[PDB]
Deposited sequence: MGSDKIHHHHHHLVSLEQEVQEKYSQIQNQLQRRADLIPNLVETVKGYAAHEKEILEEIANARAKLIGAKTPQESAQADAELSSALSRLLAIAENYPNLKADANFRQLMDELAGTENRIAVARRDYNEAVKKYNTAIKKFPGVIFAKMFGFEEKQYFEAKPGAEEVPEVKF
């Protein structure tokens, strides 16, 4: 009874995370386009962003997706510091709307990660008495 239903919860909370990560990856091409419009010579940061998108696209496991998401968040923070050198970019409405949507997704991921890891703990705890231990959403070193 409980294993099936606890497994069920783990999976439903996981899809909340996946839905946000997918939206994150989806917004990235538009962002890159907007940045290139104002700052074509900031190639390193645009590459870092593209790389983290691909990592997110290829992630197989919760740990890999979390690591990929942290790489993205870090590259987004670095983009924002760089944007200070480009006032017209910093003021661009599409750029602001996009960094705001991206921050919103990440803030959602924060909540959804706590719900997921809560369901992972109950689940893993129950199985310690077809049902495999699940990974926590967290980036390892």
Report summary line: Residues of the deposited chain that carry no C-alpha coordinates are 1-10, 140-149, 162-171
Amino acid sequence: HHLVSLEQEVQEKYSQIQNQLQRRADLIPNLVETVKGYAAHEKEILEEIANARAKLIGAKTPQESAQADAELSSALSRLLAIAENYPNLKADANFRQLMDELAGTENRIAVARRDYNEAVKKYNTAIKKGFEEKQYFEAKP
From here on, numbers count along this sequence of modelled residues.
Query raised in the report: Among the modelled residues of its chain, does the C-alpha B-factor of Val120 lie in the lowest, middle or highest third?
Result: lowest
Query - Record-listed C-alpha B factor of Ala103: chain third - result: middle
**Report entry** Among modelled residues of the same chain, the CA temperature factor third for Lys60
**Finding:** highest
Query raised in the report: Lowest, middle or highest third of the chain for the C-alpha temperature factor of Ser77?
Result: highest
Report summary line: Split the chain's modelled residues into thirds by Cα B-factor; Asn94 lands in the lowest
